[PDB]
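Just the one chain here, the form deposited in one PDB entry, laid out as structure tokens.
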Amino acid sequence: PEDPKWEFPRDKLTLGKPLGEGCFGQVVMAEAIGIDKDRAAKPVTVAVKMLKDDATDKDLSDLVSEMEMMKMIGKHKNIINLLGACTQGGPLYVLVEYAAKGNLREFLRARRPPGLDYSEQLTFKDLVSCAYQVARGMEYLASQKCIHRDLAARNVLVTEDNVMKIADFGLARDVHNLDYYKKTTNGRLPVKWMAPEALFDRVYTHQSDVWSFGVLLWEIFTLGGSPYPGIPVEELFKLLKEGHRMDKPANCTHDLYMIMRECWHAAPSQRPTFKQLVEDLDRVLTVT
């Protein structure tokens, strides 16, 4: 179906360097002339998401659904914003703000301290800021009655300005009706970030995102450490069922570990909301 307000003209888009690929599509850098509705003759660098080379009918419907998930949500500073879409006469191209500095996982990894033997930095305060930014975006997201379901450092992107922008509405779900989502189906899932109720019982909520945010905290304060490294899905299950929790990172203050562990209550309803997480991180950002 047509949507003239988002429609963007093919002849104004030059596809550029590939960036990598997600689940439903691949991403390239691109030049889009006058994307900056305003002024106007100037080419803006954007990201373009399009079908992969081996794409199924489902990938197409998922990519459209992801596009829609974005049109719904609305604009927020801490969310990757939709910019437009070539949907007519040629492949689907979805046009989206470019984050120059890549995803957060590699961002953090890239600025680990090298050796003294090997070859700005980042402060503790920088790390809490990232946590906060993501908390704010998830807060906005939740209030738009939508669930992320894929929240992880690799799914936050960083602008030239070091602004965190949540991305990958691949598994994102409009929840306006019920205020939760139930899977009942089978597919490929980000298991090491997933709350027990979501993993074992297929129930998703803003509260299962909160558990995941927990894991993103761990990722931030380890500077892109991998949760449960090498441990196979067989064994994650085992560890969760026993109520294992990840250890406190060296760089983590006690305060922040409490926020972390709080996100990992067994009972969903005992976890803070994103609203509270914003509050808690604001405070901690404040005392630093």
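The first residue of the sequence shown is number 1, and the count goes up from there. What we label the rigid core is the largest C-alpha set whose atoms superpose within 1.5 Å from one form to the other.
Asks: Across the other PDB entries of this protein that model residues on both sides of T185, is it left without coordinates in at least a third of them?
Replies: Affirmative; at least a third of those entries omit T185.
Asks: Counting only residues that lack coordinates, how big is the gap in the deposited sequence between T185 and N186? Pick none, 1 to 3, 4 to 9 or 10 or more.
Replies: Count of unmodelled residues in between: none.
Asks: Identify the stretch, either 205 to 213 or 170 to 178, whose C-alpha atoms have the larger mean B-factor according to the entry.
Replies: Stretch with the greater average CA B-factor: 170 to 178.
Asks: Compare the mean C-alpha B-factor of 216 to 224 with that of 65 to 73 as given in the PDB entry, and name the stretch with the higher value.
Replies: Going by the record's values, the stretch with the higher mean is 65 to 73.
Asks: Which of these has the highest Cα B-factor in the record: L60, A30, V233, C263?
Replies: Most elevated C-alpha B-factor of the set, per the entry: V233.
Asks: Name the residue from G102, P91, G84, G115 with the greatest C-alpha temperature factor listed in the entry.
Replies: That would be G115, according to the entry.
Asks: How does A110 rank on Cα B-factor within its chain, lowest, middle or highest third?
Replies: Middle third.
Asks: Split the chain's modelled residues into thirds by Cα B-factor; is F200 in the lowest, middle or highest one?
Replies: Answer is highest: the recorded C-alpha B-factor places it there.
Asks: Going by the entry, which third of its chain does the Cα temperature factor of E97 land in?
Replies: Lowest third.
Asks: Splitting the chain's C-alpha B-factors into thirds, which one does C23 fall into?
Replies: Ranked within chain, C23 CA B lands in the highest tercile.
Asks: Comparing against every modelled residue in the chain, figure out the third that the C-alpha B-factor of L122 lands in (lowest, middle or highest).
Replies: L122: CA B-factor falls in the highest third of its chain.
Unshown form deposited in another entry; subsequent notes refer to it.
Asks: Tell which of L92, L127, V163, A142, after superposing on the rigid core, has its C-alpha displaced by 2 Å or more between this form and the one not shown, please.
Replies: After core superposition, the one over threshold is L92.
Asks: Taking the rigid core as the frame, does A41 move its C-alpha by 2 Å or more between this form and the one not shown?
Replies: After core superposition, the displacement of the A41 C-alpha between this form and the one not shown reaches the 2 Å mark, so yes.
Asks: When the two forms are laid on each other by their rigid core, does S65 show a Cα shift of 2 Å or more between this form and the one not shown?
Replies: True for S65: a C-alpha shift of 2 Å or more.
Asks: Comparing between this form and the one not shown on the rigid core, is the C-alpha shift at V278 2 Å or larger?
Replies: It does not, since the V278 C-alpha is displaced less than 2 Å between this form and the one not shown after the core fit.
Asks: Taking the shown form as reference, are the C-alpha positions of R245 and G230 brought closer or pushed farther apart in the other entry, with a change of 3 Å or more?
Replies: So the answer is closer.
Asks: Based on a C-alpha change of 3 angstroms or more, tell me if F213 and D59 lie closer or farther in the other entry than in the shown form.
Replies: Between the C-alphas of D59 and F213, the gap widens in the other entry (3 Å or more compared with this form).
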